[PDB]
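Chemist: Chains as they are written, first to last, in the UniProt record's numbering: chain A, 51 to 200; chain B, 101 to 250; chain C, 451 to 498; chain D, 1001 to 1036; chain E, 251 to 400; chain F, 301 to 350; chain G, 551 to 710, 712 to 859, 869 to 950; chain H, 751 to 800.
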Amino acid sequence: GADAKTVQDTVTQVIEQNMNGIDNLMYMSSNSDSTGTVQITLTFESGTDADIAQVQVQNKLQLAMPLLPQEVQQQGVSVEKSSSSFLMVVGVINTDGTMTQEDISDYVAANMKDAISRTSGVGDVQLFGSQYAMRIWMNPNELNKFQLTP
Amino acid sequence: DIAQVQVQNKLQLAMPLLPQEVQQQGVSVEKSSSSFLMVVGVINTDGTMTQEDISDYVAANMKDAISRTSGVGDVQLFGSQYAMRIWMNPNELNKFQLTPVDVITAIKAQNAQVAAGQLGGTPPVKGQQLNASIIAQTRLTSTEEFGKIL
Amino acid sequence: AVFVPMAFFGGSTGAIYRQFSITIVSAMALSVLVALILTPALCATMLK
Amino acid sequence: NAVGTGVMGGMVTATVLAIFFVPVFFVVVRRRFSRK
Amino acid sequence: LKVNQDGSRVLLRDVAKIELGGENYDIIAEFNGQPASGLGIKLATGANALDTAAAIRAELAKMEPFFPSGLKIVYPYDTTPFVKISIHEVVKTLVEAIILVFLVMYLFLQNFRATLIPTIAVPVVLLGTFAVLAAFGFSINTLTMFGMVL
Amino acid sequence: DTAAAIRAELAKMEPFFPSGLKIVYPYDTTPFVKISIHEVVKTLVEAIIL
Amino acid sequence: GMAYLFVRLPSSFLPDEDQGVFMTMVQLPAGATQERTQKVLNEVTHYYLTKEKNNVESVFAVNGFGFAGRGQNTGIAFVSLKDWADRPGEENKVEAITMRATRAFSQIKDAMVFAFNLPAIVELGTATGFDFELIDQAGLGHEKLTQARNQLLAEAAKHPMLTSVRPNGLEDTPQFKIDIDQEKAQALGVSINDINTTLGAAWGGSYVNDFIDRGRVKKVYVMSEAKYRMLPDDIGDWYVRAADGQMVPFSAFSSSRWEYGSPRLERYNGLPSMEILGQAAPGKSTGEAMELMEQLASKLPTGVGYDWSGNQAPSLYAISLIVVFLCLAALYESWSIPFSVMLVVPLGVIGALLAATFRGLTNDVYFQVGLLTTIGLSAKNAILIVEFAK
Amino acid sequence: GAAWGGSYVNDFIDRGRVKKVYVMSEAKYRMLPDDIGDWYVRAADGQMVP
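(1) Give a yes or no on whether 8 angstroms exceeds the smallest Cβ distance from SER319 (chain F) to chain B.
(2) From A:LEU117, A:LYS55, A:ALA159 and A:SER133, pick the residue whose C-alpha is nearest to that of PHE617 (chain G); which is it?
(3) Using a Cβ cut-off of 8 angstroms, pull out every chain G residue sitting near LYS55 (chain A), in sequence order please.
(4) When the distance is taken between beta carbons, is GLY141 (chain A) closer than 8 angstroms to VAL351 (chain E)?
(5) Along chain A, in chain order, which residues have C-beta atoms closer than 8 angstroms to that of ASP264 (chain E)?
(6) Using a Cβ-Cβ distance cut-off of 8 angstroms, determine whether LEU240 (chain B) contacts chain H.
(7) By the 9 angstroms beta-carbon criterion, what residues does the segment 873-887 of chain G contribute toward chain C?
(8) Using the C-alpha atoms, what's the distance from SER462 (chain C) back to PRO579 (chain G)?
(9) Just the Cα atoms here: how many angstroms apart are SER775 (chain G) and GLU245 (chain B)?
(10) Taking only beta-carbon atoms, is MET313 (chain E) less than 8 angstroms away from chain C?
(11) If we define contact as Cβ-Cβ less than 8 angstroms, is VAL771 (chain H) a contact residue for chain A?
(12) Give the residues of chain A in contact with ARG767 (chain G), contact being defined as C-beta atoms less than 7 angstroms apart.
(13) Comparing C-alpha positions only, which one of H:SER757, H:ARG792 and H:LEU782 sits nearest to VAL771 (chain H)?
(14) Is there a Cβ from chain H that is less than 8 angstroms from the Cβ of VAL107 (chain A)?
(15) Using the beta-carbon of each residue, which ones in chain G are nearer than 7 angstroms to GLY378 (chain E)?
(16) Starting from the Cα of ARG808 (chain G), find the closest Cα among G:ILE729, G:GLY766, G:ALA840 and G:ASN871 and give me that residue.
(17) Three-state secondary structure (DSSP) at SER608 (chain G)?
(18) Just mark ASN189 (chain B) as buried or exposed, buried being the case when its beta carbon has 16 or more other beta carbons within 10 Å.
(19) Within the same chain, show all residues whose beta-carbon is closer than 7 angstroms to that of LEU847 (chain G), passing over the 5 residues directly before and after it, in chain order.
(20) Exposed or buried, which one is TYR467 (chain C) when buried takes at least 16 other CB atoms within 10 Å?
(21) Given a threshold of 16 other Cβ atoms within 10 Å of its Cβ, counted over all protein chains shown, does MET149 (chain A) qualify as buried or as exposed?
(22) Check each residue of the segment 916-941 of chain G: if its Cβ is closer than 7 angstroms to any Cβ of chain D, include it; give the result in chain order.
(23) Cβ atoms of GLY272 (chain E) and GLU152 (chain A): under 8 angstroms apart, would you say?
(24) Whose C-alpha, out of G:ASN871, G:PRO898 and G:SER869, is nearest the C-alpha of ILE882 (chain G)?
(25) Going straight from the alpha carbon of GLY1009 (chain D) to that of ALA915 (chain G), what length do you get?
(26) Please classify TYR554 (chain G) as buried or exposed, where buried requires at least 16 other C-beta atoms within 10 Å of its C-beta.
(27) Going along the segment 773-792 of chain H in order, which residues come within less than 7 angstroms of chain B, judged by CB to CB distance?
(28) If the cut is a Cβ gap below 7 angstroms, which residues of chain B does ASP276 (chain E) touch?
(29) Tell me which residues share the same chain as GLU645 (chain G) and place their Cβ nearer than 6 angstroms to its Cβ, disregarding the 5 neighbours each side in the sequence.
(30) Name the chain H residues whose beta carbon is nearer than 8 angstroms to that of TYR182 (chain B)?
(31) Are the segment 57-77 of chain A and the segment 752-769 of chain H touching by the rule of at least three beta carbon pairs closer than 8 angstroms?
(32) Quick one, are the C-beta atoms of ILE647 (chain G) and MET575 (chain G) less than 8 angstroms apart?
(33) Does the CB of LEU219 (chain B) have a neighbour CB from chain F at under 8 angstroms?
(34) So does the segment 328-346 of chain F actually touch the segment 586-598 of chain G, counting three or more Cβ pairs closer than 8 angstroms?
(35) Classify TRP895 (chain G): buried if its beta carbon has 16 or more other beta carbons within 10 angstroms, exposed otherwise.
(36) If we define contact as Cβ-Cβ less than 8 angstroms, is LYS208 (chain B) a contact residue for chain H?
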């Protein structure tokens, strides 16, 4: 839910302040979206190990982890190796026993995505849609009709 | 490199066995040297400022950068960065019948940023033309606005 | 003397100019040792 | 095509020029002897 | 949720709709217009690339057999065949350039035995470069393959 | 190398300072490196001449 | 002539080529919907399906995922062309496929859709192109920085030996602000905690708990039907509990008024920045254009700083000029042979240049090492007309 | 703890950079041990307590 300004100085800034003291490092950029999703990239010197370079950055974020909204803490915080480029992009459809573009997004993410994102050092798997989740569509009229809130 | 990681990926296991004031306080794991080298003093001559105005501007411009650039072990700050300071009065609290617990709760309510979804939400109704993010409460800016906490 | 000097790569042109030079410089030393061991032998062994 | 067009071009003008006409012969003439 | 004065049981079904739907309805995938969902694997900074995408099918090979009715796989945007072809087009030239030098060797050296030494010389020199570049860390890169042929 | 890059990062902070805010350099290691090199390389040349 | 065949020969890094695979991104105007952008992706997917059957084998459209980032404005489509044997012409090659494609979208649409060969190179290093950045060094706001960005972009186009400059992706759409009067809240008897988590759970949803679903643990979310959170008049529908056991309208304590805040706030190197993707002039090249760009950012207001073949080569061949002469006296000691082979250098190179300048080739990495080999062979031939004759 | 030693309550914004918010007390009401009596606390029955 968080708008672009909220994430920019409640998750983004808090890390950026507590994102220092790392061996080899050119710069860091940031992107504080209105979807409520920040992503900070740090480019290092060429030839530097991606193994240790990752650990140093994520063993410093961890110090700013308790300085974060509690909704953000239980949300997905990830530190991985970037490549701004896909290679295998395996589409999955249905023909016979037909299912929606959500039934498939769930089954893909509840069978293969868990495995693929681990097998042979895969950097960052993308999911085209989303996994299922017990969804509830609250009604405001019915809540006041019984005297209630979310 | 690895000697640091092993020590701080073990502290992390005792992180939830710590006072909650300590958790949000600065927990750091870095490389020691019990010895400085460059110690760059910063003063003022023309547009004069105190030994606190300078400690803030040093820590809100350079310290964030220097402590990261070229694997700097541990930057020291001679003074401290600014912070919205409040000097409670005991006579005035009892004169209105109050405690510091009522003041702490007042800032943990009015001084905060909240996630307010968006018009044309994630799943909309097929037919909507608009999609814009909602704004909620804002983290206070000035000393004047911290004075008007009800 | 023209390959390996230029094989001192730099920047994003790292393994770019490097790999090309060394691949052919290794190939040159291997071609020379073959031209000092095999080609000489094979030739003496059986050319005519 | 980016490799070969560059090499092909040079090899035509490397030999057909060197072995014949232009230096690779005029050299030793005015390098070994010329003045010393 | 509640039980109003006259013991009338208020359930969460009465106040709102409840369906098992997407966790995130922001993105939606349409393979050739038809509804669908896939996986967009990106590389891990300093990964083996082709070796990774070969093991993408290894893990994904054992998911295939337990798919429900209709659930089939399809392959858009794929890197694999560009690797397979550039190897096959460069190794194609290697063999051409050998056959062609064998003709130039026969037209000058009418001796059939004499047009063999150079034809059997460079086969060994190339294999040496594969033994040398493996010993220095390099692989069969697009670059080191032109390095063979050049 | 670290303290040389301390000035590299700090070089681009200098230009956007407010009125009066200037830098000064106490307790510094840099010139002891610069001098011990220059005194040893000085001997190298002496010992050659001699 | 050799010099002139070499100075005027343009310098690219590495040639972009057909990969049997390209793509194309989407970008709708400010505050567009998932419904609006989905209409655009449909026209794009089908330009490939009906007017490109001989080329395209399979499309894979995606609504709400651009390579800028995310949002109901953005989009993309992953093309997967038919194999190279069934694509005979140069018209059937990615070069020409992304030519009439990019043209088609510009004509029969009202937003922005392009197309591009996937840089067979890396993301970075395009040649005759830059990535500028516009930092706010002082304590200026985001709105003051945006004005300096409109002044930098303005001056470049005011007098471009040109340039081609644009912003990165800060459209700056409006936002529905809600000011809650804290005074009214306490008077009617409502907690501020309750008011916030009603607005956050209703419009934006909320991660409440986890549950089990056929083995795998998934999430539990609570939000609201779309029809009670589409426009700003639906805020009044939500009533909150009050101390004195009764409901309270949102409008009671609420205030509604629109604003202008950006939907993405870039922050380059700990400070608020805005990215400026411009290319070098069609006449000039990178280093010329970048040098004629730092002088334009230095004409902006106070508290507004900035940050960004090979120059490598000049020194590379410099060591080639030394090791040659020393290896040319390691077996050819005289000071006659060390200068003999020094002439075959431009004998071969004049021709290498000439072939690349004739056809559409450029000075890329392949030609740069195809030049090294041209000099290597050149030495061989010449040294044979020396080692023998000596 | 909040009176004599202060307390990290929340964060706030100050010219871009997020900083801290602290609550303690003027020095003059926490210098010696006789100033402990100045602080009165709320009690269940809506009244202060020394």
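C-beta: ideal position from N, C-alpha, C; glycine also.
Modeler: In terms of the structure at hand:
(1) yes
(2) A:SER133
(3) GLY812 and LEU816
(4) no
(5) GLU192 and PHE196
(6) yes
(7) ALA873, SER875, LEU876, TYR877, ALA878, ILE879, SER880, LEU881, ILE882, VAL883, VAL884, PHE885, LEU886 and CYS887
(8) 36 angstroms
(9) 34 angstroms
(10) no
(11) no
(12) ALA160
(13) H:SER757
(14) no
(15) Simply none; closest approach about 18 angstroms.
(16) G:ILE729
(17) strand
(18) exposed
(19) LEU702, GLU705 and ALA706
(20) buried
(21) buried
(22) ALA916, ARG919, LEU921, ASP924, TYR926, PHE927, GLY930, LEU931, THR933, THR934, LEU937, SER938 and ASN941
(23) yes
(24) G:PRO898
(25) 5 angstroms
(26) exposed
(27) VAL773, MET774, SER775, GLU776, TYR779, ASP788, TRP789, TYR790, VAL791 and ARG792
(28) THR222
(29) none
(30) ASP764 and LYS769
(31) yes
(32) no
(33) no
(34) no
(35) exposed
(36) yes
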